[PDB]
Amino acid sequence: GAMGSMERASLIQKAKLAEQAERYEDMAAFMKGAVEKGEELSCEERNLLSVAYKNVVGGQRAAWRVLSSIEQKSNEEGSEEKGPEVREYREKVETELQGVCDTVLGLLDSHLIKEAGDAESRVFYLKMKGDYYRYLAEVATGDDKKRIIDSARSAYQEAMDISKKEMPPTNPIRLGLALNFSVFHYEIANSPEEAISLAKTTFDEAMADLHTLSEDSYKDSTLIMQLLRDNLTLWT
Amino acid sequence: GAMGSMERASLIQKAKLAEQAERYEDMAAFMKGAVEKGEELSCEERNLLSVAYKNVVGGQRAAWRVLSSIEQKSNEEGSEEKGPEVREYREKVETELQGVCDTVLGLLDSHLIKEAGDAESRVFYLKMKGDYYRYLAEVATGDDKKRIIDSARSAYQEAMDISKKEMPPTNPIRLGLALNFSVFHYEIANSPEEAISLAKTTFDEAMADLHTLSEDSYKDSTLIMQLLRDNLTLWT
Amino acid sequence: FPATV
Amino acid sequence: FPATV
Ligand SMILES: CC(C)(Oc1ccc(Cl)c(Cl)c1)C(=O)Nc1cccc(-c2csc(C(=N)N)c2)c1
Ligand SMILES: CC(C)(Oc1ccc(Cl)c(Cl)c1)C(=O)Nc1cccc(-c2csc(C(=N)N)c2)c1
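Protein chains in written order, with the working numbering: chain Y, 1 to 236; chain B, 237 to 472; chain G, 473 to 477; chain Z, 478 to 482.
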């Protein structure tokens, strides 16, 4: 690790600076270095890790979709052959995306998840594991596509089971997990009815628990509840 | 060069794909590979090269300014010491920025400028040379700061002399050169009066030549003329 | 695309 | 910042 010589606290400080500078590749590298110090992550640190890699892989996914769209048009009946270049460059971006996903999954497996005992940390990491298998699934086409999908499903399901036992229905981690597992059902598992059921039930159970919350907790929960509603509106 | 095994035409094709995908680091790498094939660049290719590196260095400059601002506040009377990390990370971004500038300047020196005989190519490359010395000047503080500033000035001046002899006053390369040399005067050379004079004279001489242009050339020239006006409004 | 967090 | 191209 090229971050092995830097203090853990310095890596966290520089991750925050990189975020302010919109240098998310640097942010992710700093937070990978922090994880590799071997200590558990605090709540703030877990969110720095997720923000960094979400921004990195989000850009890769956007680029991959642009290139895949160009590639599909290039292979429509009537198009002018233009050689291997579109496929080659889509493959290049795809391989870099898979690399980032494998890096995140590696951090979760070595050893964030196994040391995570509290619901807020364990659900958070298992949600990440589902998310990064989901991004691998978006680009998968080979002998392993079904196994990648099932790895995402399995991680999301373990996270769901813990969240329903250990967190209130308005907990923002529980809500964001349900949001993303619902999108997994719709976009990856070809299960739109499951996606809609999950989003609606999550929204309704959260609504009924809002009365227990402070103003600041209410704002956090209703923000994610609006995303659930947004998707339901998209899908119905 | 890691692009040495790729066809020139394939590098240009992939630069265009990278632009569509907003992958400007890739774009710049592809166009560096194309330059290193040793052939002169067409008009379109010169603009692909400039677009790529302008986007890369533009992001670095934005990040550097954020970090430099944080660093200056950290060194204000009353602030809480927080260690070397802000300076270290500003230095990291600064060194990467200087590296990109040195790469572009190296391409211009080996051997784009010496082979550029037509005004449209030679002015374009000398403008780039002024621009990338200007970006080096923005972060310079050492024994060489004045020499970096004078290298920018010298390149801009040679470009100006050619543009005034060989191009009409509405030529968009001539206009963009004058725009940027005017900003050099204002922001780097502490010469706001020269900046204002240059912008105003360029705008007025262009105005008087618009009657010679087609609709499409008129649109190109008036776009840059509006940027000159924008800066004059900022400065007066 | 749908919303995820 | 001022405009450059
Ligand atoms: C608004 C949003 C997107 O809501 C969710 C909801 C559920 C999940 Cl599971 C997730 Cl991941 C995010 C979010 O970011 N909430 C959040 C919650 C707790 C801490 C932090 C945070 C501490 S530091 C930091 C940073 N960026 N420097 C961000 C941020
Ligand atoms: C609008 C803007 C910014 O005007 C200027 C004006 C002066 C200068 Cl000196 C410069 Cl550098 C730019 C510009 O880009 N004009 C321009 C002119 C000629 C060709 C191209 C171009 C061919 S391909 C391509 C791409 N992006 N795939 C862009 C673009």
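All C-beta atoms in this analysis are idealised placements derived from N, C-alpha and C, irrespective of residue type, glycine included.
Cutting at 8 angstroms between CB atoms, please list the residues of its own chain near residue i, excluding the five before and the five after it.
| i | result |
| --- | --- |
| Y89 of chain Y | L67 |
| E394 of chain B | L362 |
| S453 of chain B | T406 |
| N416 of chain B | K363, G366, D367, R370 and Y392 |
| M443 of chain B | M461 |
Residues in the same chain with beta-carbon distance under 7 angstroms from residue i, minus the five sequence neighbours each way, listed in chain order, please.
| i | result |
| --- | --- |
| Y132 of chain Y | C101, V104 and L105 |
| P172 of chain Y | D220, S221 and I224 |
| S74 of chain Y | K82 and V86 |
| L285 of chain B | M267, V271 and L277 |
How big is the Cα-Cα spacing for residue i and residue j?
| i | j | result |
| --- | --- | --- |
| residue 292 of chain Y | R122 of chain Y | Here chain Y covers residues 1 to 236 and nothing more, so residue 292 of chain Y does not appear. |
| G295 of chain B | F478 of chain Z | 14 angstroms |
| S182 of chain Y | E19 of chain Y | 29 angstroms |
| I385 of chain B | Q334 of chain B | 14 angstroms |
| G378 of chain B | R370 of chain B | 15 angstroms |
| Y156 of chain Y | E307 of chain B | 42 angstroms |
| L449 of chain B | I196 of chain Y | 59 angstroms |
| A116 of chain Y | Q226 of chain Y | 29 angstroms |
| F439 of chain B | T406 of chain B | 9 angstroms |
| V139 of chain Y | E187 of chain Y | 12 angstroms |
| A251 of chain B | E77 of chain Y | 25 angstroms |
| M239 of chain B | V329 of chain B | 25 angstroms |
| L348 of chain B | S278 of chain B | 11 angstroms |
| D445 of chain B | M403 of chain B | 12 angstroms |
| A52 of chain Y | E332 of chain B | 20 angstroms |
| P320 of chain B | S5 of chain Y | 15 angstroms |
| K164 of chain Y | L175 of chain Y | 10 angstroms |
| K200 of chain Y | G1 of chain Y | 44 angstroms |
| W471 of chain B | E44 of chain Y | 44 angstroms |
| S191 of chain Y | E356 of chain B | 58 angstroms |
| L464 of chain B | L344 of chain B | 26 angstroms |
| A298 of chain B | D380 of chain B | 23 angstroms |
| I162 of chain Y | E91 of chain Y | 37 angstroms |
| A480 of chain Z | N467 of chain B | 6 angstroms |
| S246 of chain B | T469 of chain B | 44 angstroms |
| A178 of chain Y | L198 of chain Y | 7 angstroms |
| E258 of chain B | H211 of chain Y | 45 angstroms |
| residue 288 of chain Y | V477 of chain G | With chain Y covering 1 to 236 only, the question about residue 288 of chain Y has no answer from this structure. |
| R65 of chain Y | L253 of chain B | 12 angstroms |
| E194 of chain Y | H185 of chain Y | 6 angstroms |
| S110 of chain Y | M160 of chain Y | 22 angstroms |
| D118 of chain Y | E39 of chain Y | 15 angstroms |
Which residue marks the beginning of the alpha helix (DSSP H) containing residue i, and which one marks its end?
| i | result |
| --- | --- |
| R323 of chain B | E321 to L343 |
| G353 of chain B | Premise fails: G353 of chain B is in no alpha helix (DSSP H) and is neither H nor E. |
| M160 of chain Y | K145 to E166 |
| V51 of chain Y | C43 to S74 |
| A431 of chain B | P428 to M443 |
| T469 of chain B | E451 to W471 |
| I409 of chain B | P408 to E423 |
| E19 of chain Y | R8 to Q20 |
| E25 of chain Y | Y24 to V35 |
Could you pull out every residue in the same chain whose Cβ sits closer than 6 angstroms to the Cβ of residue i, ignoring the five residues on either side in sequence?
| i | result |
| --- | --- |
| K32 of chain Y | none |
| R244 of chain B | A270 and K273 |
| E441 of chain B | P405 |
| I12 of chain Y | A34 |
| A264 of chain B | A288, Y289 and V292 |
| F360 of chain B | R282 and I409 |
| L136 of chain Y | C101 and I148 |
| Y260 of chain B | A288, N291 and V292 |
List, in order along the chain, the chain A residues whose C-beta lies closer than 8 angstroms to that of residue i?
| i | result |
| --- | --- |
| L253 of chain B | No chain A is part of this structure, whose protein chains are labelled Y, B, G and Z. |
Contact set between the segment 213-231 of chain Y and chain G, restricted to residues whose Cβ is under 7 angstroms from the partner: The residues in question are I224, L227, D230 and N231.
Interface residues of the segment 392-416 of chain B facing chain Z [CB-CB below 7 angstroms]: Those residues of the segment 392-416 of chain B that come within reach of chain Z (Cβ to Cβ, closer than 7 angstroms) are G412, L415 and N416.
Proximal residues, the segment 22-54 of chain Y versus chain G, C-beta separation under 8 angstroms: Identification of residues in the segment 22-54 of chain Y having a C-beta nearer than 8 angstroms to some C-beta of chain G yields an empty set.
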